[PDB]
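Peer 1: Pasting a structure here, questions to come.
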Amino acid sequence: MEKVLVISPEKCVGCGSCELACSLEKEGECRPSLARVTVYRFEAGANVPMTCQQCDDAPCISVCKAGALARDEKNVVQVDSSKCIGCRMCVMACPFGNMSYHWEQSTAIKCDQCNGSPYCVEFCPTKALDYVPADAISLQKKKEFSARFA
Amino acid sequence: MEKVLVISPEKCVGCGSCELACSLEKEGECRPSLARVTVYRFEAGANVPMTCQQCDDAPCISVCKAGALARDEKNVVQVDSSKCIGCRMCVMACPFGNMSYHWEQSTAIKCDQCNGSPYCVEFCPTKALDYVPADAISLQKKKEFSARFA
Amino acid sequence: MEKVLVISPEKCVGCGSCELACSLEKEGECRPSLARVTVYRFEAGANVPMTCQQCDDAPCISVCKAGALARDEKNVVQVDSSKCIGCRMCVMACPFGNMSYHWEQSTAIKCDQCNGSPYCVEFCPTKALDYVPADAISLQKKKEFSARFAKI
Amino acid sequence: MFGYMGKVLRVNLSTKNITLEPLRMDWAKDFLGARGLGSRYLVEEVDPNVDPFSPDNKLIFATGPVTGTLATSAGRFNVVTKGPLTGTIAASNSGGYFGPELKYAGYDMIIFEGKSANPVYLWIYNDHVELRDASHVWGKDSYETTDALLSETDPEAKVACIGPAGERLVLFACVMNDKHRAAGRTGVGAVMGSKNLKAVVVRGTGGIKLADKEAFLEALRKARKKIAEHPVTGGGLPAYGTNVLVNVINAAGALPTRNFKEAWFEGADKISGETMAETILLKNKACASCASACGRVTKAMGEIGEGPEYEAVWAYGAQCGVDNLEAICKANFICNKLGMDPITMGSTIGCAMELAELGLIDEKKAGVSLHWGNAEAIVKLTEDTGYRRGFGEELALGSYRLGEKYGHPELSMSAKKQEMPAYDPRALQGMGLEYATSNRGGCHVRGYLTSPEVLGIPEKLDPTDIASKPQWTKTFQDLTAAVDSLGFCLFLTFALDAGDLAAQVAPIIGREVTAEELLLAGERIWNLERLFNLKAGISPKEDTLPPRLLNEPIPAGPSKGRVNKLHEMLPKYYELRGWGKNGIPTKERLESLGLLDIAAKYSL
Amino acid sequence: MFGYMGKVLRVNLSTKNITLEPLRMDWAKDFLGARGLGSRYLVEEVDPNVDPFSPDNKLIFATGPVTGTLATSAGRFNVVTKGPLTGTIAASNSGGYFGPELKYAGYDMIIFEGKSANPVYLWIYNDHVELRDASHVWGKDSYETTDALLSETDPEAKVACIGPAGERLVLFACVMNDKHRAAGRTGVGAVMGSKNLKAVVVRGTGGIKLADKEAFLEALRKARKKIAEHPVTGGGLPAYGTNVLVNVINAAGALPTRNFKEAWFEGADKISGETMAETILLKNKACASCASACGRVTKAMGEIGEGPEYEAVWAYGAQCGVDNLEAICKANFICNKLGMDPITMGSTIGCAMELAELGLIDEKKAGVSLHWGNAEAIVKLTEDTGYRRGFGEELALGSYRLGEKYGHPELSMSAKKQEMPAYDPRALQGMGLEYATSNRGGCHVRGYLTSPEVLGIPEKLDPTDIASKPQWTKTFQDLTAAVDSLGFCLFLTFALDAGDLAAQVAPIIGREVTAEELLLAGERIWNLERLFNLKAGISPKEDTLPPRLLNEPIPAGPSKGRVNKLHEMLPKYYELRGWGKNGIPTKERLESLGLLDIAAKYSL
Amino acid sequence: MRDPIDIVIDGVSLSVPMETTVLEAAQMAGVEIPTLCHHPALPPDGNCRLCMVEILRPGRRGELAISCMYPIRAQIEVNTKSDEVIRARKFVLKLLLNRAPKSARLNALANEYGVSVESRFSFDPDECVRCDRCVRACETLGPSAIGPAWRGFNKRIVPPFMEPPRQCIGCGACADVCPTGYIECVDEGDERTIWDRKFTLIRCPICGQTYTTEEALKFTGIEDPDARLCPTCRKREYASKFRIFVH
Ligand code: SF4
Ligand code: SF4
Ligand code: SF4
Ligand code: SF4
Ligand code: SF4
Ligand code: SF4
Ligand code: SF4
Ligand code: SF4
Ligand code: SF4
Ligand code: SF4
Ligand code: SF4
Ligand code: SF4
Ligand code: SF4
Ligand code: SF4
Ligand code: FES
Ligand SMILES: [Mg+2]
Ligand SMILES: [Mg+2]
Ligand SMILES: [Mg+2]
Ligand SMILES: [Mg+2]
Ligand SMILES: [Zn+2]
């Protein structure tokens with residue numbers, strides 16, 4: 001683990017540029033449905049961007065049997081698209097919904113942080129998505145994401 | 001693929017109504033042993049409903065020599081009971097136990113999503129079983145987790 | 001069927017004790033080639049055992065004309081070795097190669113669940129071969145996989 | 001016939017003879033099932049004057065016609081016998097998943113008769129029934145017994161067992177299913193342990209047939225909609241379990257505190273359902289096909305278990321004066337392990353505390369302080385009573401016998417020797433009438449008069465009114481008898497009435513069922529149980545309350561200065577019941593209910 | 001017959017003559033099989049002073065009486081010859097599935113004599129034995145050779161082959177069966193290569209007859225219960241392989257580090273069996289009829305192969321200072337492919353690193369940086385030694401000859417020219433005595449003194465004590481010799497004593513077999529091997545240890561400040577062995593063991 | 001189902017069902033009766049007359065009947081080691097042995113019954129006892145290729161018209177069902193010569209092994225290309241389709 005993605009919902013404005021950037025990088029088109037980050041807009045202008053935070057105890061890895069889910073040097077969980085057999089088991093294992101399934105390419109899809117080049121962070125006007133190095137604040141944000149569970 | 005059965009085991013309360021609904025739709029009687037979905041009640045109140053998720057590779061199909069296992073236009077693996085010879089090799093091939101064998105009828109039995117009208121989903125009181133479009137498979141769980149941050 | 005043979009290739013370690021147990025029970029000696037179960041060891045440690053699963057629509061029964069193949073009361077396809085003339089048509093008809101021919105004894109050989117006491121299940125060290133009631137053929141594997149979600 | 005399986009599994013523990021016989025369908029028509037049908041079988045086959053621990057006493061596991069089906073909350077079964085604690089007929093209902101599994105095996109009823117020479121347990125796999133030696137599991141608690149018996153029988157079997165308390169013949173022991181559901185009152189677990197029966201393990205892969213699937217599905221959809229819409233079944237029970245009643249009852253000034261010496265508890269907020277949800281509630285769990293999921297999964301004192309429901313919370317708290325929810329949960333876990341009655345255990349502990357308040361029980365003998373609000377006392381005494389060691393030997397006799405030994409039987413808050421469960425009769429007149437007139441002792445669920453008087457669910461009633469109380473009590477008792485016999489949640493009565501339950505039942509069993517038929521069946525069941533109790537030596541003078549309630553007013557709270565007016569409601573209740581001024585059923589009533597042959601048999 | 005097949009296959013590679021002869025059953029009685037019977041045949045036929053690469057030397061593939069049977073872990077066989085690395089008798093045990101298949105074809109032994117003019121391989125199909133041209137497969141690794149020979153002979157056959165290392169006459173080459181099982185030490189593979197024998201491919205369709213099937217089944221059930229209950233053979237080996245010993249040995253401070261300079265390795269956690277199970281272990285694999293599954297199937301550096309076992313992990317780990325588990329796994333894979341000794345390769349690499357520490361080896365001469373912990377160095381030098389590329393030409397002579405070439409033979413941690421395994425003699429006195437007295441070099445499983453000293457399997461012994469060590473060493477060596485001759489997992493000695501093994505063997509071979517008989521046979525085998533070694537020129541003065549393990553105490557760790565007291569244990573071992581103070585077997589001891597004819601033949 | 005009948009075999013009482021042969025009663029009662037022509041899978045013919053037993057009826061003398069076909073419908077006593085039975089077995093065994101002197105089965109039976117070959121009464125020893133086992137096995141299989149072709153001492157089992165059989169299949173069941181080993185089925189490589197006709201054998205593509213001919217597989221009508229694989233190769237190929245998931 002070198003760099004982590006930090007979500008700050010109190011700054012998000014709901015422009016959806018993160019979904020557009022992620023979908024443009026991954027699919028070659030502006031297709032927010034296939035993006036790995038989804039921004040939800042609630043009343044009183046409360047916007048929450050959601051994406052995989054590579055939680056330390058990852059249910060998706062432990063549930064997958066084909067072995068296509070494996071952590072990497074950056075502690076980022078990545079999908080081996082050639083190994084996936086089409087199960088939605090990782091989708092159900094993730095308690096946050098951050099693992100989706102590409103229904104046209106028939107593979108699980110999750111935030112791999114673009115191999116250290118986060119496009120969503122690049123095109124975030126309010127910096128509600130950041131890529132700060134792992135430290136006490138970064139790990140506290142990760143725990144606020146995953147360690148809350150419930 | 002139009003719609004997908006989605007399982008949220010954290011919402012399951014272990015009532016077992018899904019098994020009863022499935023067995024009532026399939027066998028005409030309340031018989032949880034012959035249901036296509038099985039809920040397992042583990043310690044600390046952790047209940048897990050399990051059913052076929054229609055694997056895109058579908059290891060069950062690979063071992064069927066009679067051609068009784070085939071994917072439909074709705075991306076659902078289906079059993080042609082008129083071509084099943086009862087070898088029970090698909091039960092052996094399925095890595096999740098989602099393929100069973102009907103013994104009084106001598107056929108392989110698996111979840112077929114009730115041809116678009118899941119009775120397990122209808123009579124699930126906690127929405128632990130849902131039937132959502134494939135293009136939005138994890139959006140509801142992701143939205144629920146994001147609202148925790150709103 | 002009251003009870004069925006359940007194979008879990010993921011659990012198999014490739015020791016081959018099932019073949020030795022089956023041959024010791026049937027032929028009276030350790031001869032894995034005459035066992036009714038064969039374990040095949042592939043790359044990356046992927047060993048899968050294969051034996052007769054007593055197909056409810058059995059091609060072997062459908063092809064035999066000497067009347068040596070028949071289902072017993074326990075839904076097991078049985079070979080009457082006295083009625084076998086050695087045409088080997090059941091050997092061709094089995095789509096999985098679970099029917100062999102014992103040339104020395106001049107009879108087709110297939111799994112018979114040891115008439116209710118499988119030795120391969122008894123001497124399997126990893127439960128890759130199990131003997132479970134038919135009404136719970138896949139409950140154990142399903143519970144084992146479902147336990148991966150409960151630990152979450 | 002549908003709904004019913006139509007088979008009775010009779011097990012003679014003396015001769016090891018296991019027989020299968022057809023179910024009496026005429027008795028099933030007269031007495032719907034479960035409680036009623038099992039009580040009818042017991043009346044037919046058990047002399048009311050036999051000793052509860054005699055081999056002539058019978059233990060009956062009975063299921064209703066709807067148990068194990070998709071009907072709303074249809075996962076319930078009764079344990080019917082003659083209770084050792086009260087001497088009346090004991091009809092113990094538990095849910096979970098054991099009764100549905102028994103009907104999946106293919107049996108409506110199990111009758112255990114005689115005593116087994118050695119500790120044995122019954123093992124049922126569909127049509128394969130065998131008695132197995134249970135010496136290795138004898139002495140273990142419910143959790144260990146369930147685990148071992150599942151390991152040696154089947155991973156997916158259901159176990160109805162007893163803990164160490166039932167083996168040691170504690171008078172308020174119980175039968176334990178799914179390690180957390182319990183058929184606990186009057187000592188049916190004591191009866192199970194006197195027969196040297198450790199557990200019943202059942203595995204079933206059969207199905208329950210319905211006469212009309214589509215009509216049942218429509219009725220089920222309507223019932224589920226009504227249950228979801230209701231504040232209690234829809235929100236309150238799923239959110240805070242049965243414990244949601246702590247604030248609702250304490251705000252009404254009807255929560256007994258410190259052995260009924262007060263009706264208001266100052267530490268109620270620390271033990272309420274909301275506090276439990278916010279502090280220790282891990283999750284909620286549902287019975288078979290229950291959409292309300294009232295069950296609590298909690299963690300306290302470092303142990304996981306099923307959370308204490310409302311009466312357990314009252315007995316170990318308000319009754320004993322403690323507000324430590326962790327200690328209440330731990331005591332409830334100990335009860336669940338050992339197979340004991342948290343209501344009777346807590347009430348006996350409170351009675352011991354009151355006796356020690358008089359300088360009458362030497363706390364050196366008990367080994368623990370008996371002052372009000374001792375959170376260690378409840379845990380230690382629960383363990384000791386579960387093993388009948390030390391002062392627990394005295395506490396195993398119940399509060400009435402504990403007071404009788406020490407010369408103060410009036411300090412026991414029990415009706416017909418069964419302790420009164422968590423609703424103060426001085427603030428709720430209908431609850432006092434129910435406690436006096438119940439068929440198994442100091443019971444609050446035989447008729448739940450708290451629902452109108454506090455929750456206003458059927459219709460809001462004045463808790464101090466006495467004019468309409470006898471009629472409502474009779475209606476509640478008949479409706480509850482019918483519901484118990486059918487196999488539904490009695491919590492279902494919060495959202496549904498007899499019409500909806502009948503609309504669900506009729507497409508299942510295959511015959512036209514109305515609300516009036518169910519009420520008549522419930523009245524018949526109540527009169528049958530009354531006849532059994534009268535022939536068993538329970539004189540109608542037992543239909544009273546301890547003098548503390550009838551004379552001492554409530555000292556403080558929202559219901560200050562109130563007493564119970566049972567003497568102004570009991571004659572009217574007898575008149576409405578069709579009984580005489582003496583409380584004994586009349587010939588005309590028993591003729592109207594078709595119980596003349598029973599009265600001829602009992603020569604009453 | 002029973003247990004044995006009674007047939008010996010003799011293949012003359014010089015004259016292309018293949019003959020069948022009966023097995024000497026008197027020698028089978030005295031020398032059970034495998035190592036013992038192979039040693040007896042080698043003593044009878046091979047002159048002890050022959051050059052190991054000469055056509056006069058012979059290579060014997062010998063199976064045990066129980067090999068190929070359902071007996072616990074009975075799938076083992078030995079390869080016996082005169083070792084090119086040490087000059088001693090070389091008895092190489094491999095299991096997998098080759099020995100059982102050799103006995104299924106109807107043979108107890110294969111004897112190879114002479115040298116084929118062209119590279120050939122032996123193809124056996126029951127009684128059909130033929131030599132075939134192996135020019136196409138000559139030069140391929142074990143995996144490619146196995147695949148090609150299976151594709152050209154039979155898919156179900158088993159292949160015992162050498163890799164490129166054996167063909168290049170690397171002194172620590174090996175015979176590879178099942179592409180991952182190795183009969184590797186003191187050459188053996190180099191002997192096979194020098195005879196131009198690429199591989200032996202056998203396909204067996206016959207059976208192995210027992211004497212009493214029922215008694216064997218009873219003993220087998222007892223032994224399986226004992227194995228499954230035992231912590232090591234039940235949970236330890238199947239879950240962490242033999243690599244579980246990494247933390248156990250290092251915690252005792254007995255894991256040699258940096259060419260035996262240190263006994264404690266701080267990078268042990270990264271290379272332990274638990275870490276490998278967590279990270280790279282794909283699955284566990286079992287040998288023929290093995291209840292335990294000590295074989296590791298791992299995936300490291302994008303390749304999949306049988307994971308490194310404990311000695312391999314140490315040799316590429318603590319021995320070289322490398323804490324990179326993936327690099328160790330890759331080096332083990334390269335050894336498996338090329339047919340090399342990971343122990344000898346790793347020890348030679350560590351010796352080269354220590355020589356470079358003294359400056360005697362130029363980093364440009366080696367082709368890679370020879371600093372401690374260089375993960376690239378182990379892989380690079382393993383490949384170079386396997387193909388004898390540049391610096392590999394020196395590494396292919398072993399650590400002793402490598403040190404001799406640079407004038408520093410004392411830096412080679414080897415006894416009798418064979419490098420020592422992962423047990424520091426300075427911390428384990430019994431292991432020091434075993435290394436000194438082993439009949440083929442620095443081997444440790446000739447007698448596994450680590451089991452009682454560390455695992456405490458027969459009895460927890462003090463590693464510092466030197467009093468009871470000689471007798472335990474002698475007993476372990478004789479028991480190990482008997483177990484090798486029978487054809488069992490030597491890991492069975494962790495769960496079974498000689499009683500269980502005898503109870504399994506006796507109903508197999510058809511005669512009353514006791515523990516005392518097995519111990520006597522093992523002692524006879526050990527003394528026969530010692531007579532062969534003494535005639536071959538291995539003087540008794542070579543029963544010593546390098547001066548580093550005798551004069552330099554451990555610098556740090558749990559065993560800090562400890563040396564080896566071999567000078568005090570060796571005379572006692574000689575006295576217990578029945579040998580004189582000069583280490584030569586006495587006439588009385590040979591008369592007791594029945595080895596008088598051999599001693600007269602050698603004129604010692 | 002009819003009422004079982006109680007009968008006595010050599011002093012052993014037993015209740016056998018209706019329409020059960022004497023040989024079946026002896027088999028279930030542990031009594032051994034020598035047979036040559038009877039095959040449990042083939043329609044019985046009663047040719048060799050070697051399974052002779054004495055049937056003693058109430059008030060009637062013992063008479064010789066063939067145990068392989070004689071049904072038990074009444075109360076009878078069966079004797080298998082009587083002097084008349086022994087004489088009849090010796091006579092039939094002498095005839096059969098003189099017909100086929102090189103046979104191992106007939107020589108074993110003669111050694112059991114103390115019978116020696118006579119040179120004077122050995123007319124045309126051609127190692128065939130005319131038990132009709134091969135003809136019946138061929139008939140039950142489905143191809144009626146072979147058949148008897150003469151009457152009297154010249155009776156012989158031949159292919160039709162004394163030419164390589166045009167309806168033979170190559171299964172080799174006729175050679176398997178033969179007491180004297182008169183029929184020879186020799187396989188050399190990929191050729192099978194039976195009844196002087198050459199059948200091409202099938203080799204599996206990855207093993208080179210043989211278990212059946214091309215004609216047999218065409219006769220069975222099994223169009224699956226896996227049927228040409230040998231059972232071990234076919235089993236391995238099927239077992240490879242099971243993607244075991246090590247995770
Ligand atoms: S992609 Fe599918 S098959 Fe692969 S690990 Fe994820 S859930 Fe399993
Ligand atoms: S996909 Fe979900 S479970 Fe997996 S690492 Fe990301 S957040 Fe965790
Ligand atoms: S970091 Fe990359 S993969 Fe992750 S949400 Fe942003 S754009 Fe998508
Ligand atoms: S780009 Fe930034 S501000 Fe815009 S929706 Fe995404 S997270 Fe919110
Ligand atoms: S119906 Fe829903 S809540 Fe009930 S067991 Fe099934 S999945 Fe769980
Ligand atoms: S039956 Fe099993 S393998 Fe086949 S699609 Fe369903 S889950 Fe996948
Ligand atoms: S059991 Fe039926 S569906 Fe399954 S593999 Fe066999 S033939 Fe196909
Ligand atoms: S979708 Fe239908 S078949 Fe599948 S589990 Fe639900 S009820 Fe059963
Ligand atoms: S005995 Fe069990 S583990 Fe061993 S090879 Fe057979 S099936 Fe696999
Ligand atoms: S022999 Fe083959 S075809 Fe016959 S029942 Fe067994 S598996 Fe099925
Ligand atoms: S070989 Fe035997 S069992 Fe098989 S078809 Fe032919 S006669 Fe029947
Ligand atoms: S059940 Fe019996 S016959 Fe079948 S494979 Fe196992 S040991 Fe052999
Ligand atoms: S050829 Fe053989 S089977 Fe045919 S009649 Fe002659 S002896 Fe009998
Ligand atoms: S081999 Fe030819 S003659 Fe013989 S049984 Fe078969 S089809 Fe008939
Ligand atoms: S066997 Fe009966 S007549 Fe030949
Ligand atoms: Mg009740
Ligand atoms: Mg409860
Ligand atoms: Mg060895
Ligand atoms: Mg190895
Ligand atoms: Zn083949």
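Residue numbers start at 1 in each chain; chains themselves are named A, B, ... in the order of the structure tokens; ligands are numbered from 1 in the order shown.
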Set the cut-off to 8 Å, count only C-alpha atoms and all ligand atoms, and list whatever residues fall near ligand 20 as a list in words.
Peer 2: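 With only C-alpha atoms and all ligand atoms and a cut-off of 8 Å, ligand 20 is contacted by residues 154 and 155 of chain E; 203, 204, 205, 206, 207, 208, 209, 210, 229, 230, 231, 232, 233 and 234 of chain F.
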Peer 1: Pick out the chain B residues within 10 Å of chain D. Count only C-alpha atoms. Give them as JSON, numbers by chain.
Peer 2: {"B": [10, 11, 12, 13, 14, 15, 16, 17, 18, 19, 20, 21, 23, 24, 25, 27, 28, 29, 30, 31, 32, 33, 34, 40, 41, 43, 44, 45, 46, 47, 122, 123, 124, 125, 126]}
Peer 1: Using only N, CA, C and O atoms, please write the residues we just selected to a file, as a CSV table (one decimal), in the first residue's frame.
Peer 2:
chain,number,residue,atom,x,y,z
B,10,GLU,N,-26.9,-10.0,5.1
B,10,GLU,CA,-27.0,-9.2,6.3
B,10,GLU,C,-28.4,-8.9,6.6
B,10,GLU,O,-28.7,-8.5,7.8
B,11,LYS,N,-29.3,-8.9,5.7
B,11,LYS,CA,-30.7,-8.5,5.9
B,11,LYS,C,-31.5,-9.8,6.2
B,11,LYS,O,-32.7,-9.6,6.7
B,12,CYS,N,-31.0,-11.0,6.0
B,12,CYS,CA,-31.8,-12.2,6.3
B,12,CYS,C,-32.1,-12.4,7.8
B,12,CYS,O,-31.1,-12.2,8.6
B,13,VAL,N,-33.3,-12.7,8.1
B,13,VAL,CA,-33.7,-13.0,9.5
B,13,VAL,C,-33.9,-14.5,9.8
B,13,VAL,O,-34.2,-14.9,10.9
B,14,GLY,N,-33.7,-15.3,8.8
B,14,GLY,CA,-33.9,-16.8,9.0
B,14,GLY,C,-35.3,-17.3,9.1
B,14,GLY,O,-35.4,-18.4,9.5
B,15,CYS,N,-36.3,-16.6,8.6
B,15,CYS,CA,-37.6,-17.0,8.7
B,15,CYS,C,-37.8,-18.3,7.8
B,15,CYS,O,-38.7,-19.1,8.0
B,16,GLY,N,-37.1,-18.4,6.7
B,16,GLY,CA,-37.2,-19.5,5.8
B,16,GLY,C,-38.4,-19.4,4.9
B,16,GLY,O,-38.8,-20.4,4.3
B,17,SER,N,-39.0,-18.2,4.7
B,17,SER,CA,-40.2,-18.1,3.9
B,17,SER,C,-39.8,-18.3,2.4
B,17,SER,O,-40.7,-18.7,1.6
B,18,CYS,N,-38.6,-18.0,2.0
B,18,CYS,CA,-38.1,-18.1,0.7
B,18,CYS,C,-38.2,-19.6,0.2
B,18,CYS,O,-38.6,-19.9,-0.9
B,19,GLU,N,-37.7,-20.5,1.1
B,19,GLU,CA,-37.7,-21.9,0.8
B,19,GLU,C,-39.2,-22.4,0.6
B,19,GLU,O,-39.5,-23.2,-0.3
B,20,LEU,N,-40.1,-22.0,1.5
B,20,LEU,CA,-41.5,-22.4,1.4
B,20,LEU,C,-42.1,-21.9,0.1
B,20,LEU,O,-42.8,-22.6,-0.5
B,21,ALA,N,-41.8,-20.6,-0.2
B,21,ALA,CA,-42.4,-20.0,-1.4
B,21,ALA,C,-41.9,-20.8,-2.7
B,21,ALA,O,-42.6,-21.1,-3.6
B,23,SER,N,-40.6,-23.9,-2.9
B,23,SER,CA,-41.2,-25.2,-2.9
B,23,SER,C,-42.7,-25.2,-3.2
B,23,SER,O,-43.2,-26.2,-3.9
B,24,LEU,N,-43.4,-24.2,-2.8
B,24,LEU,CA,-44.8,-24.1,-3.2
B,24,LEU,C,-45.0,-23.8,-4.6
B,24,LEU,O,-45.9,-24.4,-5.3
B,25,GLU,N,-44.2,-23.0,-5.2
B,25,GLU,CA,-44.2,-22.7,-6.7
B,25,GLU,C,-43.8,-23.9,-7.5
B,25,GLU,O,-44.4,-24.2,-8.5
B,27,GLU,N,-43.2,-27.5,-6.4
B,27,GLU,CA,-43.7,-28.8,-6.1
B,27,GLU,C,-45.2,-28.7,-5.7
B,27,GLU,O,-45.8,-29.8,-5.5
B,28,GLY,N,-45.8,-27.5,-5.5
B,28,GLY,CA,-47.1,-27.4,-5.1
B,28,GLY,C,-47.4,-27.6,-3.6
B,28,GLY,O,-48.5,-27.6,-3.2
B,29,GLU,N,-46.3,-27.7,-2.8
B,29,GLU,CA,-46.5,-27.9,-1.4
B,29,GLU,C,-45.3,-27.3,-0.7
B,29,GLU,O,-44.2,-27.1,-1.3
B,30,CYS,N,-45.5,-27.1,0.6
B,30,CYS,CA,-44.4,-26.5,1.5
B,30,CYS,C,-43.4,-27.6,1.8
B,30,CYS,O,-43.6,-28.4,2.7
B,31,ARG,N,-42.3,-27.6,1.1
B,31,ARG,CA,-41.3,-28.7,1.2
B,31,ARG,C,-39.9,-28.0,1.0
B,31,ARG,O,-39.3,-28.1,-0.1
B,32,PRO,N,-39.3,-27.5,2.1
B,32,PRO,CA,-38.1,-26.8,2.0
B,32,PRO,C,-36.9,-27.6,1.5
B,32,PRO,O,-35.9,-27.1,1.0
B,33,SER,N,-37.0,-28.9,1.6
B,33,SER,CA,-35.9,-29.8,1.1
B,33,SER,C,-35.8,-29.7,-0.5
B,33,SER,O,-34.7,-29.8,-1.0
B,34,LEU,N,-36.9,-29.5,-1.2
B,34,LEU,CA,-36.9,-29.4,-2.6
B,34,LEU,C,-36.9,-28.0,-3.1
B,34,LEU,O,-37.1,-27.8,-4.3
B,40,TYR,N,-29.2,-20.9,5.5
B,40,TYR,CA,-28.5,-21.6,6.5
B,40,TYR,C,-28.3,-20.6,7.7
B,40,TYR,O,-27.8,-19.5,7.5
B,41,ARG,N,-28.7,-21.1,8.9
B,41,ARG,CA,-28.7,-20.2,10.1
B,41,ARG,C,-27.4,-20.5,10.9
B,41,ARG,O,-27.3,-21.6,11.5
B,43,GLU,N,-24.1,-19.2,13.6
B,43,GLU,CA,-24.1,-18.6,15.0
B,43,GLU,C,-24.1,-17.1,14.9
B,43,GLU,O,-23.8,-16.5,13.9
B,44,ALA,N,-24.3,-16.5,16.0
B,44,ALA,CA,-24.4,-15.0,16.2
B,44,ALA,C,-25.5,-14.4,15.3
B,44,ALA,O,-25.4,-13.3,14.8
B,45,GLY,N,-26.5,-15.2,15.0
B,45,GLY,CA,-27.6,-14.7,14.2
B,45,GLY,C,-27.3,-14.4,12.7
B,45,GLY,O,-28.1,-13.6,12.1
B,46,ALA,N,-26.3,-15.0,12.2
B,46,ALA,CA,-25.9,-14.8,10.8
B,46,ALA,C,-26.6,-15.8,9.9
B,46,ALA,O,-26.2,-17.0,10.0
B,47,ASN,N,-27.5,-15.3,9.1
B,47,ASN,CA,-28.3,-16.2,8.2
B,47,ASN,C,-27.9,-15.9,6.8
B,47,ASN,O,-27.8,-14.7,6.4
B,122,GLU,N,-40.8,-12.3,-3.6
B,122,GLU,CA,-42.1,-11.7,-3.3
B,122,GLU,C,-42.5,-11.9,-1.8
B,122,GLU,O,-42.9,-10.9,-1.1
B,123,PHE,N,-42.2,-13.1,-1.3
B,123,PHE,CA,-42.5,-13.4,0.1
B,123,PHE,C,-41.3,-13.3,1.1
B,123,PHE,O,-41.3,-13.9,2.1
B,124,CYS,N,-40.3,-12.5,0.7
B,124,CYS,CA,-39.2,-12.2,1.6
B,124,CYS,C,-39.5,-10.9,2.3
B,124,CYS,O,-39.6,-9.8,1.7
B,125,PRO,N,-39.7,-10.9,3.7
B,125,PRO,CA,-40.1,-9.7,4.4
B,125,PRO,C,-39.0,-8.7,4.6
B,125,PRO,O,-39.3,-7.5,4.8
B,126,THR,N,-37.7,-9.1,4.5
B,126,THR,CA,-36.6,-8.2,4.8
B,126,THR,C,-35.9,-7.7,3.5
B,126,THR,O,-34.8,-7.0,3.7
Peer 1: Could you superimpose chain B onto chain A using every C-alpha atom, matched in order, and tell me the RMSD in Å?
Peer 2: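 The RMSD between chain B and chain A over C-alpha atoms is 5.7 Å.
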Peer 1: When the cut-off is 9 Å and you count only C-alpha atoms and all ligand atoms, which residues lie near ligand 18, shown as a list in words?
Peer 2: residues 35, 77, 78, 79, 90, 91, 92, 93, 94, 183, 185, 443, 445, 446, 480, 481 and 484 of chain E
Peer 1: Write out as a ChimeraX atom specification every residue belonging to chain C that has an atom at most 6 Å from any atom of chain E, counting only C-alpha atoms.
Peer 2: /C:13-17,20,29-31,33,125
